[PDB]
Amino acid sequence: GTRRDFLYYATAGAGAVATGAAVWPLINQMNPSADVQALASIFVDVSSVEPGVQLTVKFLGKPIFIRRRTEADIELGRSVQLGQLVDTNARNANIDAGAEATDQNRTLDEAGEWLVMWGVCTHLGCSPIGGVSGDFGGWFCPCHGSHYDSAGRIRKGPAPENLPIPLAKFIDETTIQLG
Amino acid sequence: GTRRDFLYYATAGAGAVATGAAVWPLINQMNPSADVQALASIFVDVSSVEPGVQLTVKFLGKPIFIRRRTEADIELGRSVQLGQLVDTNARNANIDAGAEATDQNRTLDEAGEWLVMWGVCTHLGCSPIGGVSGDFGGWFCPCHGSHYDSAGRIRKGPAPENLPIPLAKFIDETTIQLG
Amino acid sequence: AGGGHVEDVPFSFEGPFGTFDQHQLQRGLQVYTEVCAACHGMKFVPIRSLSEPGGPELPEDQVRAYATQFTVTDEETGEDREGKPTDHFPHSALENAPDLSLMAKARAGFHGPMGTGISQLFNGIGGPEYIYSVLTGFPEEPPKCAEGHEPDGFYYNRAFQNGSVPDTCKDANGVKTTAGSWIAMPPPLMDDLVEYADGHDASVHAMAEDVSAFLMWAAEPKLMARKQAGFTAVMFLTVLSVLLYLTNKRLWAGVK
Amino acid sequence: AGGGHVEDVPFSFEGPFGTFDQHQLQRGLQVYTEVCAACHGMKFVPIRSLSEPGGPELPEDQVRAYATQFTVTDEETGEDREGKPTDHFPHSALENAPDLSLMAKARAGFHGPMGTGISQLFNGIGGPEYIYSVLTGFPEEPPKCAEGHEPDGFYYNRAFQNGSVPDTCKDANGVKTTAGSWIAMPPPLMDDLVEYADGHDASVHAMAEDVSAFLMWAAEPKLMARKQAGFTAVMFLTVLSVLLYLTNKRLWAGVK
Amino acid sequence: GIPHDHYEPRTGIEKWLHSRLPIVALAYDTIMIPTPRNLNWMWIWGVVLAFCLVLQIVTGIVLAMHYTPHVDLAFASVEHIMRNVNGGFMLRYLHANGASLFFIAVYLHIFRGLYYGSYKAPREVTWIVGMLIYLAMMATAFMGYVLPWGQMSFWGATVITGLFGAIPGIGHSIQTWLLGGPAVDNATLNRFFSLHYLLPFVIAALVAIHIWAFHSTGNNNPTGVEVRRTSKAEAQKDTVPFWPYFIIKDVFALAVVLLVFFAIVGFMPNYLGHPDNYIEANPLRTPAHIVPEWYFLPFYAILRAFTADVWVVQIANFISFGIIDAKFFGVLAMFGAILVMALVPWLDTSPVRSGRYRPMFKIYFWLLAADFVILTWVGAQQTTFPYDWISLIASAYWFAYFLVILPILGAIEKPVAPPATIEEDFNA
Amino acid sequence: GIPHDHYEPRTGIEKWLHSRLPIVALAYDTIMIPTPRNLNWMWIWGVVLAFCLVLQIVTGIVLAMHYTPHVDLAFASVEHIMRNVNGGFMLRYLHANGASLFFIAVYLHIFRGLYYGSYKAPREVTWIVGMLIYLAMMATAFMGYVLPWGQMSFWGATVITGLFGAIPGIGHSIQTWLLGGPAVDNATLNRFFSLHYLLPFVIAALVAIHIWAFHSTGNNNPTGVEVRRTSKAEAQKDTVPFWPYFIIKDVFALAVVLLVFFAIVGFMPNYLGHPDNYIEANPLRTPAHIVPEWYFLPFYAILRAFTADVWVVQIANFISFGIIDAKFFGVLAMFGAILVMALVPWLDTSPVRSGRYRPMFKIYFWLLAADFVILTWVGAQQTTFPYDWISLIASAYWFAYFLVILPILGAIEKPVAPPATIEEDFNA
Ligand code: HEM
Ligand code: HEM
Ligand code: HEM
Ligand code: HEM
Ligand code: HEM
Ligand SMILES: C/C=C(C)/C=C/C=C/[C@H](OC)[C@@H](C)[C@@H](OC)[C@@H](C)CCc1oc2c(O)c(OC)cc(OC)c2c(=O)c1C
Ligand SMILES: C/C=C(C)/C=C/C=C/[C@H](OC)[C@@H](C)[C@@H](OC)[C@@H](C)CCc1oc2c(O)c(OC)cc(OC)c2c(=O)c1C
Ligand code: FES
Ligand code: FES
């Protein structure tokens, strides 16, 4: 053969390497800016949160729900058999990744009064309407019809998982610290 | 002839009329919006203005100079024959429009102490340098080399007129009101 | 959900030849200033538009005077001052009171029949009509249903639709049985709460009808301009069409 | 117009293989904080960049601690608070003190010879070197010329060029005779005004040299990134060129 | 490839210009192309689309001159364009309803194609290029709507970037990249502005090739019978020069359309839009009545028909070991509803071009048409019964029509007698 | 018009695609056009320009995704693109020096043309279109520079919109309209953003026609002799197919250029710019050292040579009853310096194409070249003596060259013997 057929490759080759090195940064520039990535954590004051009230707060640009549940609210949460849930995973970042969607496992406390979760429907993103609304006494996502129950578990609609619980924890008697 | 040759004109004509009605608003939208045209007048505090000092203030987005002149400054202004100046009009909005570029005609007081003019070079727009600079003990426009004298008269360069004096007047012992 | 009843009011401006009533707007402006303004802002409405033609059309001296009644914070200085007419009405005073700037456009009062939007095509969106109803919609007595189960702090409204409703007023499926629901806005009006210079009646009916025409204009200032623009475009094109038609007809004539 | 003298310091970052000195920047940051910061701000520099690689590179806990000294006004609340490292250094405290964010870039210290800019091509734009000079350019005594005719509130500076000069130091045509001119910035440095932890000398010479390297970085944080990017681009292309060359040569070979 | 006559330099300026750059020549051959004598009103949508693309672009540049793409000023900026900018209030509304007219036109244009076999060979490229244009149009129309930064703007921005979150595996990445962050925020609004600007020029470029393609294939007529290509003589029997015969027809039609269009823009500029977008964007509340833009409704209906509990969704979810669940199925169902339409040239096996001569086809076609209208209508109702059902059957009939019905009719159906020439049909 | 063979469908995909839309065909005839065998390194600037236009446009869209056109955020926004955006610091610098390379290229490109008579018939259209492209380039390059909103940005914005204020009568209107107000403010910045975006697509469109024009005229060589058009045989003797002979030569050149370009962007990104633009725009101060962008210097020199006290200015002012004074003269002088160059096809009366064979021309040409460099150099000095003189003589020689010298050399000068064929020259 020839070593000329090699050159016409070592060339076209080095070319394609440059073109790539060019294209990459033109793509990567769209990824999060050094400042968007610098976002950290926040602290929320739950002094006024009366039971039966939901507190909506902004964190990382998405809404975060903080409901202090009623007895009625906790009743139903605890009366659902795990296998009647559509999603079985707790989707809770505080507990193990394999935990089970048991109301008891979706609250911050043992009394299961403090439900803290991302008010971000898992279907496509809307913030589901609260106020003990929907078909399961939870939240209703108006975008495509997803219903969540009093523990924030998906129970009907396109949504595939339960509303996630973000790293949260009470750092004193009246303050939770998300993130 | 024909009345068909008329129609092919009454048509192409009505056409050109619409196209115009279209093109106009597309051009007119660039003219000053209702928010810019609402700009009115302002009041300036000349308390601290020591003689030999220039106060630069914004008004209508352009800078407005307020110099309290020294004796030296008024000396030279008065020592020039109108026929020696390039621009002969006072360009003073307070006095008559046909006034003459005599230092006395370009100051607000009779003492010739208060020189109030637009710090907008008449050549192309820059704000000429102050603090007695230039070759006529006035202002120097760094953009294209125009020199103005202690009375703000053009004496050299591309600038064709003297810095204009805007409607101004003392409304008390320490406050001038431009516009 | 949220598809309820709204009182069709025959506003002067509804219609292709409709036009604002320079005096209504004026009255309305008084109601907004003496009642609404207390809680609701109008942050997108420059006070000087009060002078602009096709609206309340007050003379600059008044407008300049009016604007004085606001305590604006100057952007350059940072310190407070008198309000110039080049300033925008302030924000809503009451933090949960919505801005009324665009409010006449951000609400529908006529929702199509079969959900076919044919009711809106013939009656307009009904935004002013809706705001009208919300004002003239506070009845003296709650629906028998809510007796005793009324949320404290809210008030029943015969037109408001997105409010909370007592458990006792939802039927077998959750749907509410009452025509309206509970707002957080205590009924604003009450006969002659405002006294119009010329004595024109201050019945909660009229006042509400006026602040509406005003709020309509606050939101759509170029309404008349737009409509005049409409006409013109239609004439230009009704002619250009007829002509273009003949030119067409009398051209294919030499083929078919 | 203008154009003066600037001390050509041999900075570590000057050069195609130049790199910031992690410690200089660290020291410089201390000088900026303990001296300059008093009047100058750095409003385009996010405090958290102190952590970012290729610069001072302080650990987050420190940076987080540092950011605490500043009293920022939170945009959402409106009320003041401790400074987070996600905050930008404050604005200049002293209203007529320029921002130092971009100073080493907004200044030239090497002006071409015949006005040909060939002096800048071989020495850089000398911004850090100019800031250096302005700091180490406050002599104790004005030039005998201005004796008594010293504008008040100003200080002579051997490097500063855009300041005012006494009538007595202008020659026959107006041109100043003094190497420098009159600044409004009272000489800020004076030997050992700052105590570096490791004892490193705090001679006004060193301090000024350090705050410069820091001020250089404050303005050009991706200096190193840019240069690495440079090399890469040059290798890719020095190779692709040689290859494209041969491909060319060994192709026209079949013609000429 | 029809037989006509080419450019002949007349004046001197023409002979001069011609020997250097034949811009005049080519523009002539383009404006004089022979086109079928029979062409009903359904052939005017191609022009209404061209005009819209131009209307949108100029009113756009103009609006971009006053709009600021930044979350804190964006909404305000548009209200300013409305109240201050000279005639802004009417330019804004023209750009907005321009999108609506743009789609009403592209659908009428599309269905015209489905019925007359305008996608059937040799016009298979015209169709795919047109199909790309369609995709671009929506992508654009979407980003535009995000700009005012209202309630619909913000959440539609949230939901549409969400569709890429549905993609298995890479999905979370594709989404973070589109958003430039962890949520729809300024970084998003800003990049959307830059792209909303850029896309229309890309569309324009395709429209050039779209035109080039049908120009180098000859137009189609309601007959499906091509123009006789064997002699300038009989070719002229089937045709008529584009200019002025059809430009006047088209411009005339374009005037009547615009007549109605301005009637809308002047008298009911807000009819076709959503009142909730006059509400500033709120990151913590999703409007209870959030509904898509009418021209998106049908594909929206299809996406939400497929919920967790749909038999076929269930089966797929099963045989996919979970990967294809309800969410991602609706995404695939929607995009697929479009991809299926892009393949019509290869699913409609009947060799008869115009469906005017396919008595069986005519029926499934009008059902498709009724389905699209129904689909659109459903997108606007809640997800409760019987809408969930109606939506399901409708989505079903859509794929039914392209994937099963058309392939079958191709083999079954007994075609009717199509005129032997355009000529004989025109004279009729 | 050079004799050559054509594309023919080989594969099936090619025969399928060809009978529908010959995109492959046309792309072939374009990439295979026969071009003169002799073509020195001065013919590579056409490509370097194409590349720059693309480089500028992509890095532009990218930058537009992060920049906010609003006076209060505009400058900050660019510093953000520098410190936060992933690789922004290097994209910003690329766009900025991209402008420089773009001009260094267009000037080398232009002078190449002036010397070889590339503007002389039949290439007269290539020239005018290229001339329009040149005007657009500056208009663009200007608006771009305004966007960072620094000191030079603000004042250059003030001064350039000022040139329209110079136009007698209408001038104050033309200016208020450009500014959207009584001063360069936000309204201006905002509309400039929208136009800076739009113009490049217009340039792109012209470059299409620029290419189309020289493609349908055949390239020019350093000889001025055309390619023999009488036989595929002798045509091939003078030519060589563009691809791959010249694409490799051009791409190779383009690599060496880019090598140096990246060296600049990486190591001295700020060399070619003005330090004062890292100072936020100040409406109340004009930087003492305000100087234009280097690529504008020459036309800037010419404008400020003509002051109130220049003999012609006065003669002019006199005869023109005041109307044409010093200010408006400089404006006319500058724009005229460009308009004069656009007319070269009708001022250079010598019928000899390449100036390689015009011994008398060669001297005035290199003076023109030296004048342009001098002109550039002067724009950067103060208006004091002797610069005011140098600038004057220089501006003078510019018009001298196009308005007098070229027309005269046409009649005087004794030409040299140009090779009879490109072949004879190549072989040499
Ligand atoms: C070592 C810390 C400091 C550094 C590096 C520094 C640097 C500078 C620089 C480079 C300039 C501008 C020179 C130019 O325009 O070319 C300047 C101006 C100024 N500085 Fe500082 N400075 C420092 C400390 C201070 C302090 C402590 C004050 C306040 C007491 C101060 C007040 C000013 C003022 C008022 C100006 C304006 C002077 C003028 O332009 O006339 N500086 N400084
Ligand atoms: C493919 C043609 C285009 C379509 C279908 C389109 C559609 C739209 C839509 C649906 C909106 C939102 C309506 C609203 O304002 O509520 C919009 C907004 C906007 N578009 Fe376009 N657009 C097109 C081309 C352009 C172009 C070429 C530009 C840039 C030159 C542009 C600039 C804008 C701007 C600035 C806005 C925001 C202001 C506004 O709300 O109108 N558009 N566009
Ligand atoms: C930018 C929007 C569009 C414009 C401006 C446009 C324009 C045109 C024009 C002028 C024609 C010729 C006249 C006619 O027969 O109607 C045409 C034909 C056609 N277009 Fe479009 N079109 C657009 C979008 C589309 C879309 C979305 C499709 C569907 C994918 C499409 C498919 C076709 C087809 C199949 C034809 C028939 C061509 C023939 O008869 O050979 N076009 N288009
Ligand atoms: C957007 C920048 C431009 C691009 C992309 C462009 C591109 C080209 C290309 C690719 C060629 C052929 C290769 C070559 O000769 O280098 C060319 C030739 C030419 N260009 Fe340009 N050009 C540009 C601007 C200009 C300008 C500003 C002028 C003069 C005002 C001009 C005048 C010419 C002429 C006279 C030719 C020779 C054509 C012939 O031989 O018939 N071009 N240009
Ligand atoms: C004709 C090719 C182009 C040229 C010659 C050009 C030139 C320029 C120049 C000289 C600047 C100032 C750069 C600086 O020194 O900071 C600039 C800035 C900018 N250009 Fe372009 N530009 C071009 C195309 C584009 C395109 C297609 C876009 C997309 C809209 C664009 C967007 C921008 C933006 C957003 C800025 C401001 C931020 C910055 O780059 O500093 N440019 N452009
Ligand atoms: C840079 C990023 C880009 C280019 C992203 C491009 C995506 C492009 C697609 O077009 C190709 C896409 C617009 C197209 O999908 C085929 C549409 C029919 C999407 C349909 C659509 O609209 C909605 C909408 O408008 C809303 O408003 C309030 C709200 C919505 O939920 C509540 C939806 C929605 O749920 C869906 C499915
Ligand atoms: C909406 C569209 C608009 C407004 C288009 C405007 C286009 C304008 C022209 O293009 C035709 C223009 C760029 C071109 O004239 C041929 C240049 C040679 C102008 C040269 C130019 O630059 C300056 C400059 O850059 C400055 O900044 C620091 C400051 C300046 O004063 C000192 C100037 C200046 O005095 C001149 C003459
Ligand atoms: S995003 Fe919640 S139902 Fe779709
Ligand atoms: S604008 Fe002042 S000298 Fe030209």
# chains A, B, ... in the order shown; residues from 1 in each chain; ligands from 1
$ residues_around --residues "residue 103 of chain B" --least-positions-apart "6" --cutoff "6 Å" --atoms "only C-alpha atoms" --output "number ranges by chain"
B: 77-78, 151
$ select_by_dssp --residues "segment 54-158 of chain B" --states "helix (DSSP H, G or I)" --output "JSON, numbers by chain"
{"B": [71, 72, 73, 74, 75, 76, 77, 78, 82, 83, 84, 103, 104, 105, 106]}
$ closest_atom_pairs --of "chain A" --to "chain C" --cutoff "10 Å" --atoms "only C-alpha atoms" --output "CSV"
residue,atom,partner,partner_atom,distance
A:131,CA,C:164,CA,8.5
A:133,CA,C:174,CA,8.7
A:134,CA,C:174,CA,8.6
A:135,CA,C:174,CA,8.3
A:142,CA,C:1,CA,9.3
$ interface_residues --of "chain F" --to "chain D" --cutoff "7 Å" --atoms "only C-alpha atoms" --output "mmCIF file with N, CA and C atoms, in the first residue's frame"
data_model
loop_
_atom_site.group_PDB
_atom_site.id
_atom_site.type_symbol
_atom_site.label_atom_id
_atom_site.label_comp_id
_atom_site.auth_asym_id
_atom_site.auth_seq_id
_atom_site.Cartn_x
_atom_site.Cartn_y
_atom_site.Cartn_z
ATOM 1 N N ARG F 83 -16.349 35.928 34.354
ATOM 2 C CA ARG F 83 -16.033 35.238 35.602
ATOM 3 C C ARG F 83 -16.821 33.968 35.918
ATOM 4 N N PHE F 89 -14.955 33.715 29.549
ATOM 5 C CA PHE F 89 -13.770 34.535 29.427
ATOM 6 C C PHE F 89 -13.076 34.301 28.088
ATOM 7 N N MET F 90 -13.069 33.075 27.593
ATOM 8 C CA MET F 90 -12.415 32.809 26.320
ATOM 9 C C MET F 90 -13.319 32.989 25.118
ATOM 10 N N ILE F 248 -7.618 22.634 0.189
ATOM 11 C CA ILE F 248 -6.539 22.248 1.091
ATOM 12 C C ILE F 248 -5.577 23.400 1.288
ATOM 13 N N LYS F 249 -5.315 24.139 0.207
ATOM 14 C CA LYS F 249 -4.405 25.274 0.267
ATOM 15 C C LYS F 249 -5.021 26.322 1.178
ATOM 16 N N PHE F 252 -5.326 25.035 4.727
ATOM 17 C CA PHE F 252 -3.981 25.056 5.301
ATOM 18 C C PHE F 252 -3.638 26.475 5.772
ATOM 19 N N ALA F 255 -5.363 27.592 8.808
ATOM 20 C CA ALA F 255 -4.812 26.977 10.021
ATOM 21 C C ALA F 255 -3.666 27.809 10.587
ATOM 22 N N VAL F 256 -2.826 28.335 9.701
ATOM 23 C CA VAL F 256 -1.701 29.151 10.138
ATOM 24 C C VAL F 256 -2.216 30.462 10.686
ATOM 25 N N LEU F 259 -3.656 29.833 13.998
ATOM 26 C CA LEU F 259 -2.579 29.537 14.932
ATOM 27 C C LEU F 259 -2.199 30.844 15.643
ATOM 28 N N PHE F 262 -5.129 32.479 17.786
ATOM 29 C CA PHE F 262 -5.272 31.905 19.126
ATOM 30 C C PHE F 262 -4.107 32.297 20.038
ATOM 31 N N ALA F 263 -2.953 32.506 19.429
ATOM 32 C CA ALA F 263 -1.792 32.937 20.169
ATOM 33 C C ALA F 263 -2.156 34.284 20.802
ATOM 34 N N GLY F 266 -5.065 34.009 23.405
ATOM 35 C CA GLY F 266 -4.682 33.355 24.632
ATOM 36 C C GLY F 266 -3.693 34.121 25.458
ATOM 37 N N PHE F 267 -2.710 34.685 24.770
ATOM 38 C CA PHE F 267 -1.650 35.419 25.438
ATOM 39 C C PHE F 267 -1.773 36.935 25.544
ATOM 40 N N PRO F 275 -8.258 50.092 26.885
ATOM 41 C CA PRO F 275 -8.338 49.974 28.337
ATOM 42 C C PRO F 275 -9.445 50.761 28.974
ATOM 43 N N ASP F 276 -9.859 51.825 28.300
ATOM 44 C CA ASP F 276 -10.915 52.659 28.842
ATOM 45 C C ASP F 276 -12.285 52.014 28.760
ATOM 46 N N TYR F 278 -13.016 49.278 30.083
ATOM 47 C CA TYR F 278 -13.124 48.423 31.261
ATOM 48 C C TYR F 278 -13.513 49.338 32.375
ATOM 49 N N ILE F 279 -13.947 50.518 31.976
ATOM 50 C CA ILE F 279 -14.399 51.567 32.879
ATOM 51 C C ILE F 279 -15.874 51.654 32.523
ATOM 52 N N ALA F 288 -10.161 61.243 28.550
ATOM 53 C CA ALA F 288 -9.181 62.085 27.888
ATOM 54 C C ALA F 288 -8.474 61.392 26.741
ATOM 55 N N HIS F 289 -8.337 60.076 26.805
ATOM 56 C CA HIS F 289 -7.644 59.376 25.729
ATOM 57 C C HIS F 289 -8.551 58.599 24.795
ATOM 58 N N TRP F 377 -2.139 55.167 11.595
ATOM 59 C CA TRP F 377 -1.210 55.603 12.620
ATOM 60 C C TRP F 377 -1.534 56.992 13.170
ATOM 61 N N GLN F 381 -2.832 59.754 17.110
ATOM 62 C CA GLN F 381 -2.020 60.844 17.696
ATOM 63 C C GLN F 381 -2.926 62.026 18.054
#
$ residues_around --residues "residue 32 of chain D" --least-positions-apart "5" --cutoff "9 Å" --atoms "only C-alpha atoms" --output "PyMOL selection string"
chain D and resi 27+37-38+40+211+214-215
$ write_last_selection --atoms "N, CA, C and O atoms" --output "mmCIF file, in the first residue's frame"
data_model
loop_
_atom_site.group_PDB
_atom_site.id
_atom_site.type_symbol
_atom_site.label_atom_id
_atom_site.label_comp_id
_atom_site.auth_asym_id
_atom_site.auth_seq_id
_atom_site.Cartn_x
_atom_site.Cartn_y
_atom_site.Cartn_z
ATOM 1 N N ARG D 27 -1.433 37.616 50.272
ATOM 2 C CA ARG D 27 -0.929 38.811 50.955
ATOM 3 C C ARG D 27 -1.678 40.029 50.429
ATOM 4 O O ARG D 27 -2.241 40.819 51.205
ATOM 5 N N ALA D 37 -9.538 48.642 50.872
ATOM 6 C CA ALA D 37 -10.957 48.397 51.132
ATOM 7 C C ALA D 37 -11.631 49.541 51.845
ATOM 8 O O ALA D 37 -12.823 49.778 51.657
ATOM 9 N N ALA D 38 -10.855 50.256 52.650
ATOM 10 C CA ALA D 38 -11.346 51.409 53.404
ATOM 11 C C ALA D 38 -12.144 52.401 52.535
ATOM 12 O O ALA D 38 -13.170 52.939 52.982
ATOM 13 N N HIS D 40 -11.896 51.964 48.504
ATOM 14 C CA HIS D 40 -12.229 51.282 47.261
ATOM 15 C C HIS D 40 -13.086 50.058 47.471
ATOM 16 O O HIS D 40 -13.009 49.420 48.506
ATOM 17 N N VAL D 211 -0.474 43.858 46.402
ATOM 18 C CA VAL D 211 -1.838 44.298 46.113
ATOM 19 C C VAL D 211 -2.016 44.419 44.625
ATOM 20 O O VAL D 211 -3.127 44.417 44.121
ATOM 21 N N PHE D 214 -2.572 40.929 43.324
ATOM 22 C CA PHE D 214 -3.924 40.606 43.734
ATOM 23 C C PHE D 214 -4.895 41.334 42.811
ATOM 24 O O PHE D 214 -5.774 40.702 42.225
ATOM 25 N N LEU D 215 -4.727 42.657 42.670
ATOM 26 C CA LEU D 215 -5.617 43.462 41.819
ATOM 27 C C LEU D 215 -5.598 43.032 40.363
ATOM 28 O O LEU D 215 -6.559 43.272 39.622
#
$ closest_residue --among "A:64, A:95, A:124, A:38" --to "chain E" --atoms "only C-alpha atoms"
A:124
$ residues_around --residues "residue 43 of chain A" --least-positions-apart "4" --cutoff "7 Å" --atoms "only C-alpha atoms" --output "PyMOL selection string"
chain A and resi 175-178
$ interface_residues --of "chain F" --to "chain E" --cutoff "9 Å" --atoms "only C-alpha atoms" --output "count of residues only"
39
$ atom_distance --atom1 "atom 36 (C, counted along the ligand's line) of ligand 4" --atom2 "atom CA of residue 204 of chain E"
27.3 Å
